Structures are given as C-alpha cells and as structure tokens.
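Kindly return the folded structure for what I paste below:
(chains A, B and C, ligands or ions: 3)
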Amino acid sequence: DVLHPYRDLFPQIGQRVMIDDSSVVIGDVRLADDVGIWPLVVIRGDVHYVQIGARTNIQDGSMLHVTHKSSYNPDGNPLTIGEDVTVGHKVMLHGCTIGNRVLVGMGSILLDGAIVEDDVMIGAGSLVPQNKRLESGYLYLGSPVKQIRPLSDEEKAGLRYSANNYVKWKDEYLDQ
Amino acid sequence: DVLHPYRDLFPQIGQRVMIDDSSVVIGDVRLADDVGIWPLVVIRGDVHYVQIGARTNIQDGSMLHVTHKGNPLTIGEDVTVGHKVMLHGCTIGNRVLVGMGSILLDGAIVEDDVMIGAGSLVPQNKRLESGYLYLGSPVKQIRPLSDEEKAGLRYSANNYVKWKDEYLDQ
Amino acid sequence: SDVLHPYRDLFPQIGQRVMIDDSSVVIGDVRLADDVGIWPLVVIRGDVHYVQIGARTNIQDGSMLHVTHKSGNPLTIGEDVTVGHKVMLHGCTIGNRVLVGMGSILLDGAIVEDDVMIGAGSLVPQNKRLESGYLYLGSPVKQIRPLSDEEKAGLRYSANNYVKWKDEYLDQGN
Ligand SMILES: [Zn+2]
Ligand SMILES: [Zn+2]
Ligand SMILES: [Zn+2]
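Residues are numbered from 1 along each chain as shown, chains lettered A, B, ... in the order given. Ligands and ions are numbered 1, 2, ... in the order given. Here you go:
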C-alpha cells in the first residue's frame, strides 16, 4: 500500500495522520499527530531517519530523503522537520533540519546540512545550499537563496494559519 | 480511481479526454474536449476550481493547484503544459507553451500566443504580454515571437492531441 | 506491480537484477541494463523514440525521463550513472560515470561526456555539450573547474552504493 519497510525499520504514525494512497513512505519515518501527506509524495527514510513534527503538511509531489553515514560523513544527514511546518508542492528536502512554523515555498530545494530556524519563510523555486543556516524570522528567496527582509507580524502569524488550514483540509479528506 | 471528489465537487470531463491511470484529479476540475492529462500528474481543485480549455495537454509530472484560502486556476485552449510544470492559481490564455520545469505563481497572467522557456519562474501577479518569449527565474521578456513560432504553438497542441488519441487506442 | 506498459508494439526490455518501484511508470521502448534501479514515482516514456539506460545506473525518486518530440532523438544514459531526485532528462545523452544533481534539468540534444558532475538544481540547455572531467553548476550551467581525483572516484562510489541499496529492496521483495 503506502507504508513500506527498510531493513527492520517501519514508519511510525501518529493520530489523525493523512497519507494519500498515491504516495510512498519507506523505512524510519516518524509522522507526529495531524501530519498530512498529500498526493504523489515520496518520503524515504532508509539510509537514515526522517522525523516530522505535528501539524506539518507535506504538499503534492514533494520528495524527502537523507544521506547515509559515510567515512567523511559519519553522522550522515537525517531529515528533521518541526511542527506547524508548511512544505509546498514539489519541494525537495534532503538531509536538512527545519524548525517550527516555517513555510518552504513550492518548488524549492533544500540540501544536506541546511538548517532553517523557526518562523522562516522561503520563496517558491528557491535553492538552499548545503550547510546553509537560515536565521529565524526572515524571508529568503533565490537560487541560491538570499535573505530578503524580516517577516511582518502578519506573515509570522500566517505561518501558524497556513499549517492550521492544511490540518483542516487534511481532515476533510479523512472524513470522506 | 483517477477522479476524486472534494465533498460535493467532482471533475467534469469533456469529449475524447485522456487521463493516465497514474495521475490524480481531485474536486472541481473542469476538462474541456481533447484535453490530455499525462502520467503522474496531480490537479487539485478543492478550495477553488481548476478550468482547462480544449485541446490542452498537461504533460508528465505536472502539479496544478489553486490559491490557498482566493484564485481559481484557468488555462485556455491549445495550451501546452510542459513536463513537471508547476501551475498555482494563475491564468493562462490560448496557444501558450509552458516550458518543462517552470513554476507559475498565484495571480500570474499569461496572455495568448506566449512561449515560456523551460525552467522558468513567473512570479506572483506577473503579466506576460502576448506574442513574446519569456525565460529565466524570474522570467524576463526576451524578444517577440516570430509568426513561425507563434504558429509552432498551435502545432504543439495539435501534435499532442493526436498523441493522446493514439494512447487512447492501441 | 504493473510498472511496465507498452506503446503500440514497443515494450520494455529489462536486464538482470533490475528494480522498478511499484509506484513508477515505464512506457514503451525503454531498455534497462543490469543492476539498473528505478526508484519511487518515476516516469520513463519511450514512445516516439527509445530510452537506453546503461548497467548499474540509478534513476532516483520523482525523476522524469522522456525523448525528443516529433518536429526526433532518443534518451541515452551510460553506465554507473547517478541521476538525482526529481531530475528531468529529455532527449539527451549522458556518458558513463556521471552524477546529475537533484532537481536539475537536461534538455534536448544535450551531450554529457564521461566523468562529470552537475550541481543540484542545474539547467543544461539544448544541444549543450558538457566536457569530460568537470563540474557544471547553475541555470543555465557554467563549467566551474576540473573534478578532483577524489570527486571522480566519488562518481563510482555513488553508483556502487545505489546498486547495493537497490538490491536490498530486491531482497525484501523476493
Ligand atoms: Zn537522496
Ligand atoms: Zn497550492
Ligand atoms: Zn517530452
């Protein structure tokens, strides 16, 4: 179906979690409560784990992976996502770390080692370089991304609103 | 199966429409005649509707959605939507070619007879003048299209129409 | 399980120890050499022309592979090649031991020579030739510098790792 194993590892699911039947979730993947996985999304936590916080939405066509533990990269790079996170359509997340209340614009690519602090907004089609740290409360855009400006109080609030909205849209589908 | 409902909203399909079994069409999605939806495509018309004109092709990997809660998705006729194209709450005229891998954001407006180079990013609320070539991330007006090119736009739609009628048969 | 689809009279040619995720779509004249690994939600369409993928080459999750439209040109990928996540390949040619950075787009007629590295999210324009032994980055790509010996070695290690990971999935299945 949608949940697949890798070695002895199997996805750990929370409450009210949605995972479209057209998506694929493999290995050590943890989905906290109210997480919604939309259509044609792939989350492969095989060579390392993928942890996703509560009320976080992974939108249509997104792709999530990690990097294996190697010689110069003994720790490898697992994928960690906080709560109230909005991951846009066709986003590419790879071995990075995302705090809480963050919005990753559709079409963006976040590479290994990148760290996105809380209350951050990333413009669509952006590219976040490896080991790039995004300072909290700002808006970044571009390929490679550049810090554009602080977020308005409205925009910060929008981060929470965005997540909630998706939690709701998620529930409407579970209700069908 | 391939057509999913969003409460009381269900896709409306015209004549000779092609939808791959691997693609997902949800909610108020309106497909005119000869529209061809290709492999692994997702079209979501929940919070708002999605309307796609006649003889339009949505190639492999595209993702079509509307403006989150504020703007429906409208695509004209003879429109060629390249592979892995991202269209979000925008408005596309007739005889338009959206280069594969492009991203068109909320409120963007593409007039008729326009060509968008592959891998482009059309920012939010941006309008593209008819008869021009736009390329880049964010796109820039490159130059005007020759009559020959403006013609090639219609021929692309035509070719893909035959292309989808072929999959429908053999 | 129905990943293999035909197109007219053309049908996929599969080699040895080849993996194709059940969520992926392979259509028409697609030829997969030994140890090739087709990952989740990938689409490979060899209808108006064929697709040839050399041995030990990996096509990562969400990639889109197609050939040139009539107006063609087949898609040819060498051996020990590493095609990154969500990469778009279209009527181009890739030599042996090449790593295509995730999110990149390679257009019609592009020719990538052996031992090459393309940065993530790059765009290779039509008929563009990528010279052997270099790193290319950007949209559109620019020749940055020669790959070091370690980097070249890295190309082989990458293909090797994906061949193993592929077999682990083949193991869990069978
Ligand atoms: Zn990866
Ligand atoms: Zn959307
Ligand atoms: Zn194509």
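
what residues does chain A put near chain C?
Residues of chain A lying near chain C by CB under 8 Å from any CB of the partner chain: A:5-7, A:22, A:24, A:26, A:40, A:42, A:44, A:46-47, A:61, A:63, A:65, A:68, A:90, A:92, A:94, A:109, A:111, A:127, A:143. Placement of C-beta: from N, CA and C, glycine included.

ok, now with 7 Å
Contact residues (CB under 7 Å from any CB of the partner chain) of chain A with chain C: A:5, A:24, A:40, A:42, A:44, A:46, A:63, A:65, A:92, A:94, A:109, A:111, A:127, A:143.

so the fifth one sits right up against residue A:63, yeah?
What it means is residue A:44. No - with contact defined as CB atoms under 7 Å, residue A:44 does not count as touching residue A:63 (8.5 Å).

which residues do those two both contact?
Listed as contacting both residue A:44 and residue A:63 by CB atoms under 7 Å, 6 or more residues apart in numbering or on different chains are residue C:61.

what's the distance between residue A:23 and chain B?
Distance from residue A:23 to chain B, counting by CB to the nearest CB, to the nearest Å: 10 Å.

Next: residue A:97.
Distance of residue A:97 to chain B, computed by CB to the nearest CB: 25 Å.

quick one, what contacts that residue?
Each residue near residue A:97 by CB under 7 Å, 6+ apart is listed here: A:80, A:115, A:116.

out of the residues you listed, who's near chain B?
Among the contacts of residue A:97, no residue sits close to chain B (CB under 7 Å from any CB).

Tell me which of those residues fall in strands.
Of the contacts of residue A:97, the ones assigned to strands by DSSP state E are A:80, A:115, A:116.

all helices of chain A, in order?
Taking DSSP state H as the test, the helices found in chain A are A:153-174.

So in it, which strand runs the longest?
Scanning chain A for the strand with the most residues, using DSSP E, yields strand A:42-52.

near chain B, anything from stretch A:36-46?
Yes - Stretch A:36-46 is in contact with chain B by CB under 7 Å from any CB, via A:39, A:40.

Redo the contacts of residue A:97 as TSV? Include neighbour count.
Converted to TSV, the contacts of residue A:97 look like this (neighbours: other CB atoms under 10 Å in any protein chain shown):
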residue	neighbour count
A:80	19
A:115	16
A:116	28
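
got the end-to-end distance for stretch A:124-142?
8 Å (CA to CA, to the nearest Å).

can you pull the buried residues of that stretch?
Neighbour counts over stretch A:124-142 (16 or more other CB atoms under 10 Å in any protein chain shown) mark A:124-129, A:132, A:134, A:136, A:138-142 as buried.

and what of stretch A:18-30?
Across stretch A:18-30, burial judged by 16+ other CB under 10 Å covers A:18, A:19, A:20, A:22, A:23, A:24, A:25, A:26, A:27, A:28, A:29, A:30.

for residue A:91, what are its contacts?
With CB under 7 Å, 6+ apart, residue A:91 has these contacts: A:59, A:62, A:104, A:106, A:107, A:108.

which non-adjacent residue is nearest it?
Spatially, and ignoring its direct neighbours in sequence, residue A:91 is nearest to residue A:62 (4.7 Å; CB to CB, 6 or more residues apart in numbering or on different chains).
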